[PDB]
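Throughout, a chain's letter reflects where its sequence line sits, starting with A, and its residues are numbered from 1. Counting starts at 1 for both ligands and their atoms, in listed order.
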Amino acid sequence: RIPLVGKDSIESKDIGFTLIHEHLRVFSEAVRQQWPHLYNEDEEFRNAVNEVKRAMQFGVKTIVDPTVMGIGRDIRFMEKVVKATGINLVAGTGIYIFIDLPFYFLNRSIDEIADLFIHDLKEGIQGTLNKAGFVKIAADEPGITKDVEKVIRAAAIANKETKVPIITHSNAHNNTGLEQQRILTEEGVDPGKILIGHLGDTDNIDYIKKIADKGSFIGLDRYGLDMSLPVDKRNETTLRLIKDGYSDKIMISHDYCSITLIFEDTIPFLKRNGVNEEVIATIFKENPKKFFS
Amino acid sequence: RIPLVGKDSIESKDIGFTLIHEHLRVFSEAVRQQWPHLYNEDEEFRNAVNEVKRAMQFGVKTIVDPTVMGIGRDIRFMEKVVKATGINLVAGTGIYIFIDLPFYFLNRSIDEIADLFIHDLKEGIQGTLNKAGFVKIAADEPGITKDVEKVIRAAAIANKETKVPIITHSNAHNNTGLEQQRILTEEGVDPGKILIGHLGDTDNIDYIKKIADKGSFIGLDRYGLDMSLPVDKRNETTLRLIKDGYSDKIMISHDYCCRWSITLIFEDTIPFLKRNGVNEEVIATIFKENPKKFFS
Ligand SMILES: [Co+2]
Ligand SMILES: [Fe+2]
Ligand SMILES: [Fe+2]
């Protein structure tokens, strides 16, 4: 079912407690490659190994890292951190852009772009046998631009052909994620194979529900890296969302570059307001489980 | 004087017959990093070796390759091909973009950029001892945008700090080339340390000269890419310019390997000029002497 980095495919049912949106490392491939002297491979690798193994202590069995083209996916560093920790790591494919595709994509087709994603998820990633387990796409303040729309559409095709889910990045303040659901569902993707990202950044609880009402998971997924909304206002929308029955559509993560702030703040908090272990299990085991099923 | 790839430095007076703008290889860093199955480095290598050596037989001694960030500069590929051919290859540093910078440069400073250029000139390129002899900037249809502007200034700074010249990519139809000059020159870069590129892509010979008159080299540098102006309209704008005595300001090149190749000018443009009243001194002005002073 779910390919992992380093280890061999697991069954959807054994994903376990999951962090659905976390970055081991992020960069611009062009910058890293032209100017290696800006980066410390050993520091980076130390920091990610410590963060991860802390999370494994707290009960996390699986991290899904949606680092793709444009924010510096490296499957090799990834399998390094797997082998140094024993974590279940799901790598994805896709393209992260907010306006234009790189020049290579001028006069390329939607289908040609999807063949990239299919390659990654059937043959493998950057020449290895580690396979992609989902597709990532993005839009932010610029909105649904032409090239952003191509990428969205190629995700649609990759999902049809392979049935791997799709994770999005979106701007909670400008209707991007609604548009992303609209276009994917229009093209025939199961709404429930979609995670609409970063909705945790707004107070506007109606907009969030609007999306969850159309059958997709809603991403409350930048806890702690809280330049969007204080961790106190997140932990509240989250609670409110749980009280009105949306647990079956809620996913929680950090989007990091700590990875355990939800054990220190959010999960403690939710318990205090009468959220039982069964709803936290729904969010971190069952929702991941079905998303990948 | 001029740092080279796979070889000791050489004097400004020793470049020989130069092609001032030719790319061994060009690709988007993001794409190749993510999807290397799309590229075959073995074919890229044979082609680069072959084309380079064909260029050596028409008596090309030095090639300048303005592949920098955004179009897939790799000095490991360059040095590898330098040893298969024995060319004097001059690598560079700078940024190639037409609108926005990578997310990394968000909130970051003109001097922090300028430092990444100074790094590749003074310390080395991609942590190797091969050093950069010039700085490449670019601008095109989207105009002089905020981030394009920043990259120009960072180039200014690197020219003041190590006095390497600045090659530019510009659009010949919209006055970007003259702004790159203006701004660079405002910042107090010596006009004669600026080659402004791709002016051979236009008829408007009035616009060409203006840039030559303000002291900067003009790049008639896309020979064989017909999609722009055909070879016969190019050779002509070129001829006129020479007959008007713009020789000391003219640089000629193809802008890329491979009837388009790294030697199209030898089989066509040079013979054409020679049967139209252009002597062996005026071409030597263009391919020996103009580079000479550019890198000096
Ligand atoms: Co150019
Ligand atoms: Fe993210
Ligand atoms: Fe070029």
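In this structure, CD1 on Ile283(A) lies 12.5 Å from CD1 on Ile20(A), to the nearest 0.5 angstrom. In this structure, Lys210(B) NZ and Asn175(B) CG are separated by 7.0 Å, a value rounded to the nearest 0.5 Å.
Both the sub-6.0 Å distance and the 45° axial angle are not jointly satisfied by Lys150(B) relative to the ring of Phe105(B).
The aromatic ring centroids of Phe294(B) and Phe217(B) lie less than 6.0 Å from each other. Between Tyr96(B) and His169(B), the ring center distance clears the sub-6.0 Å criterion. Under the 6.0 Å cut-off for aromatic ring centres, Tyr39(B) and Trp35(B) do not qualify, their centroids lying 6.0 Å or more apart. Taking the six-membered ring wherever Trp is involved, the centroid distance between the rings of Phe266(B) and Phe17(B) falls below 6.0 Å.
For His169(B), the N, O or S atom closest to the Co ion (ligand 1) goes by the atom name ND1. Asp255(B) contributes OD1 as its N, O or S atom closest to the Fe ion (ligand 3).
Within a radius of less than 2.8 Å around the Fe ion (ligand 2), the protein N, O or S atoms are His21(A) NE2, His23(A) NE2, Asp255(A) OD1.
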